Each structure stands twice: as structure tokens, then as C-alpha cells.
Amino acid sequence: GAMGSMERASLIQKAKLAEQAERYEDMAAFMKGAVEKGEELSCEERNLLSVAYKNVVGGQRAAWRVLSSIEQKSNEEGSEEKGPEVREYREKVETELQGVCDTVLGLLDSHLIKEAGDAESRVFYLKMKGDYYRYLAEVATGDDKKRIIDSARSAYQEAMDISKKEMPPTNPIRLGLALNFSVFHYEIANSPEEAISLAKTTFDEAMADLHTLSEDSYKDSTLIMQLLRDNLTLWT
Amino acid sequence: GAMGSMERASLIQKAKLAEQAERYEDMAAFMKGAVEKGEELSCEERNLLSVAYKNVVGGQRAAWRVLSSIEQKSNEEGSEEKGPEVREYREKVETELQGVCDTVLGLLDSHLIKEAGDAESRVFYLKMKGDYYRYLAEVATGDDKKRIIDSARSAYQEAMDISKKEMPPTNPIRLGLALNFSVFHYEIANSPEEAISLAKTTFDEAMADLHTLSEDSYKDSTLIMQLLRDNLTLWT
Amino acid sequence: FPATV
Amino acid sequence: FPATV
Ligand SMILES: [Mg+2]
Ligand SMILES: [Mg+2]
Ligand SMILES: [Mg+2]
Ligand SMILES: [Mg+2]
Ligand SMILES: [Mg+2]
Ligand SMILES: [Mg+2]
């Protein structure tokens, strides 16, 4: 742990600095150091963690897609043989992506999830576990692809069950988890109908609970509801 | 040289792939590997090299400025003491910036410059040498600041003298070098008048030579002339 | 691509 | 900041 000698509060301070500087790899390294101090994360600290890794893996995913599309093109009838470089470099980016996902899942498994007893922390980490298995599923093509998909599904499902029992239908974590699990169905599990039904039911139950909110909670909730509707528009 | 075992053509191929994937650190690493094969670079290969490192150091410079501005604020009368973290993290980004600049200058010095005998290659590398000393000058605050500035000046000047002797006033390398040396005067050497005079004379001599160009060369030249004029507008 | 958070 | 290339 290169971050072993830095104060927990100093790691969190530098995480926020790296965020402002758009240095998300640094941000991620600082938050991994913080998690490895062994203490539970507060709400704000969990969000620093997810923000850091979302941006790192988000750039890796965008590169991987660019390289996949090139590689698939060099495989069309009538493409000129280019040698192994496109596949090699796609594999390099792909390996590095998987290593980031393995790092995040390692943090959840040692020991974020097992200590998370409040709904807000447990659902948040289970959502993350589903997301990072989903990112692994997007590049999976092997013996393990089914089990990686089922790992995503299983994490999302446990997070759904707790969120339905313990949080109001407008809770932003509950909404974001539903949004992502609905994308999992559409994009990964080949179940566009489940994806549609989940996004529609989530949207409509949140709608009917907006009346209970303050104006700031209303903003946070309708922001994510709009993403559900944008997906529905995309899919229908 | 992690790239020691890869074919020169495969390094250049992957450099172009990394560019399309916006992976500029990879792009830079691939082109450093290519330069270290020992062969001179073609025009296109020189541009891959400068594109890669420009983007890497460009992101480091943007982060460094964000962190400097924070650090200067924590030093205002009535700011709350925050401890050493802002200075530490600025120093971390700063060190990494200097290491990229030292890497590029090392490539020019071993052995790009000494083998570059055509005006187009020699001016291009001398411009680069001036640029990377300029980036070092932007963060310099020590015993060495004057000598770093004079190293930038000296490289720009030799590149100016060769470009004036050997290239037409509309040559894009000549124009880009004048643009950057003019920014060096304004931003680094505290000589806004020299900056203005150089940008104005460069613009006007290019203008009077546009008539000799094809439509595609005219496009390349007027693109850079517009940047000279944008700077003049900014400065007058 | 569809939206996720 | 001013333009450079
Ligand atoms: Mg401590
Ligand atoms: Mg693979
Ligand atoms: Mg259901
Ligand atoms: Mg060879
Ligand atoms: Mg320093
Ligand atoms: Mg002069």
C-alpha cells in the first residue's frame, strides 16, 4: 500500500483535490488508501470512492470500445490483414480494465460489504459490486462469462431486495441502482423486456412519492428519474 | 525500455491506435519506444511524438494550475490553515510534470536533434526543445529558473534563425514556432512588446506569401495565422 | 449507450 | 491562456 504512511484524513483531503484537478487515477489511489485504513466510510467518502473509480474505468471502457470496433473491422471480409497489433493493444487495455474492476471488487470484499449494516451503505456497495461485475461482463468472452453475469445479477438483486424493504421509492441510491440494474438487463442479460418493466415501475413509484419531499430532495430524485425516462425513450 | 522487444512499425501502429482511443500516455510510451529504436523519424512520426506528449503534459499543466490556485488561496490573510496536503499534492503533480519534460528533452538530446539535418526536422525538434523548457519554466521558482528560461529562449532562437533562412513565411512549422516563441515572451520572459511585435510581423509576412499556396496549404497556414491574431486580440 | 450512474 | 501549438 503505497498509501500506508499517509493519514486517513490527508488521503480524503487529497482525493478531493485530485477530483478538482480532474486527476481521477490519483483520486482512486487516494480513496483505495483510505478504504485500506480499515474504518467504515461515511456517505461523502463512499461517493468520493465511486466517483474516482467510475471515471477511471469509464475512460478504459470508452477506449476498449474504440479498439474493439477497430478490431472487428479488421476482421470483415476484404479487410487487409494488419498482424496482431490491434488484438494486442485491445488486450492490453482490456487487462488493465479488468485489473481496475478486480481492485474495486477486492475492496468491497475486503471488507466494505461485510461491515456495511445500514441500508444506505449496504445498498451502495452492493450496487457497486453489480456495476463492476457488469464492466467485467462487457469484455468477457470465455468459460467464465456466465458466472461473471450471474455475479452481477446476484449483487444487484440483493441490493434491490434491501432497497425495496428499507428505502423510500425516491431515494437516489435506490433509483440509481434500479437504473443500472435495468441497463444490466438490456445490455448484458439480453432481457430488454425486464429492463423496460423495471425502469417503468421504478419511475412510476418514485413519481407517486415526490409529494413527500423537500425541494432539494425533489431535485436529486427527479434528476435520476429523467435518466430512467431517457432510457425508456431510447428503448421504446 | 519496456518497448525494447516491440517492432518499430508495431510501436508506430499502436501509437496511432492509442491516439484514436484517446490514450495519450500509452501513445507517448509507444513513441518513446519508437524513438529509442535509433532511426530518424519521418514527418508523420514526429507529429505522433509531439501529439502524444503535448496531450500528456497538457493535462499535467491544467492540473498543476488548478492545484497552484488552491495553494495560493490557502495562503491569503484569513484563510484557515489546512496543513501540508495542498503543497504536497501540488509538488506530486509538479514532479511528475517535470519528469515528462525531462523525458522529452532526453529524447531530443539522445539523439533526435543531433541527427536532424533537414530544416523541417531540425526546426520541429528545436521548437519542441523550447516548448518543454517553457513548461519547466512555468513551474520553476528556484536557483535554476533563469537558466531554464534561457534554455527555452536559446532553443527557440536557433529554431527561428534556421526557419527564417530555410522555410517560406507560411510554413506551418515556422508559424507554430513563432506563435509559441511569442507566448514565451509574453508569459515567461515578461516581454509583452516582443511577444506582440513577433506575432504581428509573423502574421503579416505570412499574409503576403499566401498567394503562392495551393488551397490545402492555404488552409494549414491560415489556421495558424488565426491563432496569432487571436493572441494579438488577447494582448491589445 | 444508455444512462447509468 | 494564449494559444500555442
Ligand atoms: Mg492515523
Ligand atoms: Mg482478454
Ligand atoms: Mg421484479
Ligand atoms: Mg525490427
Ligand atoms: Mg517542486
Ligand atoms: Mg527579431
Side-chain angles (χ1 to χ4, degrees), chain A residues 57 60-61 63-65 67-68 70-72 84-102 123 130 133 135-145 147-148 152-165 167 169 174-175 177-186 189 191-206 228, chain B residues 123 130 152-165 167 169 174-175 177-186 189 191-206 228:
Chain A
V57 81
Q60 300 172 317
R61 289 163 79 206
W64 184 90
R65 290 162 185 176
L67 303 172
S68 264
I70 299 163
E71 180 178 17
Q72 267 136 109
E85 290 90 350
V86 172
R87 173 191 54 80
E88 290 171 351
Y89 187 44
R90 191 271 295 150
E91 298 180 324
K92 186 193 175 140
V93 173
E94 182 175 298
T95 291
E96 190 201 283
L97 189 148
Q98 292 166 325
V100 172
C101 298
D102 293 343
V123 177
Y133 279 112
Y135 306 145
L136 295 173
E138 284 174 344
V139 313
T141 59
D143 278 12
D144 253 20
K145 186 180 151 63
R147 262 178 283 272
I148 285 168
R153 185 214 51 81
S154 178
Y156 284 138
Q157 189 58 61
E158 171 172 6
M160 291 292 319
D161 303 336
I162 299 171
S163 73
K164 283 203 254 175
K165 226 234 289 332
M167 292 156 155
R174 175 161 173 192
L175 297 175
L177 156 67
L179 181 77
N180 293 14
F181 188 27
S182 163
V183 166
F184 165 79
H185 285 122
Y186 193 96
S191 315
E193 290 175 336
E194 186 71 10
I196 287 155
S197 173
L198 185 271
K200 171 164 229 319
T201 297
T202 302
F203 179 99
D204 292 336
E205 293 191 271
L228 287 162
Chain B
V123 177
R153 185 214 51 81
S154 178
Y156 284 138
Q157 189 58 61
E158 171 172 6
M160 291 292 319
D161 303 336
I162 299 171
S163 73
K164 283 203 254 175
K165 226 234 289 332
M167 292 156 155
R174 175 161 173 192
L175 297 175
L177 156 67
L179 181 77
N180 293 14
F181 188 27
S182 163
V183 166
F184 165 79
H185 285 122
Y186 193 96
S191 315
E193 290 175 336
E194 186 71 10
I196 287 155
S197 173
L198 185 271
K200 171 164 229 319
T201 297
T202 302
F203 179 99
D204 292 336
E205 293 191 271
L228 287 162

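Letters A, B, ... are given to chains in the order of the sequence lines, protein chains preceding strands, and every chain is numbered from 1. Each ligand, and each atom within it, is numbered from 1 in the order the structure gives.
- In this structure, the separation between CD on A:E71 and CZ on A:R90 is 4.0 Å, given to the nearest 0.5 Å.
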Distance-only criterion, 3.5 Å: show the donor-acceptor pairs between side-chain atoms of residues 194-203 of chain A and protein atoms not counting sequence neighbours.
from: A:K200; atom 1: NZ; to: A:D204; atom 2: OD2; distance (Å): 2.7
from: A:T201; atom 1: OG1; to: A:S197; atom 2: O; distance (Å): 3.2
from: A:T202; atom 1: OG1; to: A:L198; atom 2: O; distance (Å): 2.8

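- Partners of A:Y186 under the ring pair (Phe, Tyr, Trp, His ring centres under 6.0 Å) rule, at least two apart in sequence or in another chain, are A:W235.
- Protein N/O/S atoms found under 2.8 Å from the Mg ion (ligand 2): A:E94 OE2.
- A search for ring pair (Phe, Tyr, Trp, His ring centres under 6.0 Å) contacts involving A:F184 returns A:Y156, A:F181, not counting sequence neighbours.
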- Could you walk me through whether A:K92 and A:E88 pass salt bridge (charged side-chain N to carboxylate O under 4.0 Å, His left out), step by step? CA-CA 6 Å; A:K92 186 193 175 140; A:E88 290 171 351; over 6 Å; no
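- Rounding to the nearest 0.5 Å places CE of A:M160 at 12.5 Å from CZ of A:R153.
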